[PDB]
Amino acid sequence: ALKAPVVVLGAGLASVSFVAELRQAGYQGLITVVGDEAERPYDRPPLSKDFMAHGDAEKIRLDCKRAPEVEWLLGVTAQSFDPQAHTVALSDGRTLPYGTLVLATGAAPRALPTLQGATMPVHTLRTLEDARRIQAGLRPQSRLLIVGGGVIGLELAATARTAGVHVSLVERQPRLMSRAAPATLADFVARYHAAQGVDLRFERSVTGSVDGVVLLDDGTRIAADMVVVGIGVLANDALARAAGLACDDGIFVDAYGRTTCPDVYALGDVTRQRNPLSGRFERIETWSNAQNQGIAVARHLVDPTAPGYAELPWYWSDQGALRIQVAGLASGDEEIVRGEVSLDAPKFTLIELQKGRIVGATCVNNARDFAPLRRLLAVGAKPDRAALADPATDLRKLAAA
């Protein structure tokens, strides 16, 4: 079952979390990790946050010490694997044998087809190399155009504004954060960014560019010194597709991390997996999934009596003055608003319910509320809804009971 040796493809958070848990759970056989980036394994959330602002990569490295006795092959690309021969072919000419193969190859930013032939700087933001490149161009008083109103684009928008960069942002949807964020939150976030000087353009798409100017589908133009594209990511599932695994913008896995190919597992951003709240398959794109799924899959490989992955989804986003936390589903049949929604010292909580049951929550500048809410969410709590609204209620108390 858990057959030595273990080979992991990818050296990001999911991989690091997985191999650390293998060691902690007691597996003592060979572990080899293949990572295409020639970088000490590092975390991505700082790249649109404090790193973008302060530039010290030695503050963003992952801790690989709970993963002793691991050989990390950095700067090397896995080119294919043969699931019958149980081997992986590497770009440096070597071949690795495996008893258990783990695909943890993440996802890459989608390119914008209309900017393919652009003759102005166009970047995406995924890697440390990307961040360094973008930061090198965030000159004060320059003009940045961001395509996409997802959390990363908005984090970059805030960082750029703090650095004195003019920011315009184009979003095809009528709201920001259309993926997994309640409308109430998205509306407020737009007001916040607008108030900080971001030039927001909703229901607009990029049709092209000419000589340093981007063209939109309303027949208008936006001049910029740099474009950063952030319209989402695509799973890095090429090796899986070529080897005959079930994939569709993401490798399908069950709660044990199993792919359709025996002895091959997958975890993190590369997977398409069950969301336990919706009961539907989804490609989750969060830090917490990468870590939690990696840990759960490793734990069950070492101890098959352990449960499969069962964590509920959540993420956070740091956008200037807004410390945003979102858990569960973006909507149900009811939203309860705790506190006032205001640009004057923003601080509020949203709770999403379905037939009385909590299915999602949001905290803006209230980390203290978020932990109790995630606990209530996990057990599908059906609390008194006036109390949920009633500011006099302590959520931590509710959760303890």
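Residue indices: 1-based, along the sequence shown.
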The stretch carrying the higher mean Cα B factor in the deposited entry, 373-381 or 12-20, is 373-381
Using only the Cα atoms and their B-factors as the entry lists them, report which of 141-149 and 239-247 averages higher. 141-149
Which listed residue, 94, 179, 133, 110, has the largest C-alpha temperature factor in the record? 179
Considering only 221, 86, 323, 191, which residue's Cα atom bears the greatest B-factor as recorded? 191
Cα B factor band for residue 339 (lowest, middle or highest third within the chain): highest
Sort the modelled residues of this chain by their C-alpha B factor and say whether residue 362 lands in the lowest, middle or highest third. middle
Going by the entry, which third of its chain does the Cα temperature factor of residue 157 land in? middle
In terms of the chain's CA B-factor thirds, is residue 4 lowest, middle or highest? middle
Taking the values exactly as deposited, rank residue 49 by C-alpha B-factor within its chain and report the matching third: lowest, middle or highest. middle
